């Protein structure tokens, strides 16, 4: 839908660095930028407010949220458990050859992007990795919570681009645990990643 292109565009842009925490969004700027109409912007903004990404303002506008430290830690608390469950559930597809091939391919692309120090392609291969994990588990409840898992504000505000070496290793451990098919070790590997992110953020303080 036209609404989706703004909804996912702002979330991907936050990760890519084209939108930032604290940014003021103007309805007409979003219409011109995404090439969609007012109703679709409004709807996308409503959905983004629903997900905790923006605060709606007067005159059809919005501000991308910045989180306090406590708010970040609270988000990571949920992301830890939900990423854990994403990996855990994906073990249901460990014998599905095409999905395994997709998962292995997504990992190769992460490794190549990390080496080339390319934030854009790394972010895109990251998204692909997560989506493959999602398709593998086929958990309808995770599908509906999926955006939380990505932590777009945390990514941006806490400069997760600078933690790419650690994150890649984490994603490799997730893949390896998922593909081995054992749910408990998969869950632990998914949760491990978020624990590392929390550790890095707290270490700066």
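Residue numbers count along the first chain shown, from 1.
- The stretch with the higher mean CA B factor, choosing between 67-75 and 121-129, is 121-129.
- Between 29-37 and 153-161, the higher mean Cα B-factor belongs to 153-161.
- Of the candidates 197, 11, 191, 20, it is 11 whose Cα B-factor is highest according to the PDB record.
- When the CA B factors of the chain's modelled residues are split into thirds, the value for residue 136 lands in the lowest one.
- Ranked by Cα temperature factor within the chain, residue 116 sits in the highest third according to the deposited record.
- When the modelled residues of the chain are ordered by C-alpha B-factor, residue 62 sits in the middle third.
- Among the modelled residues of the chain, residue 175 sits in the lowest third by CA temperature factor in this PDB entry.
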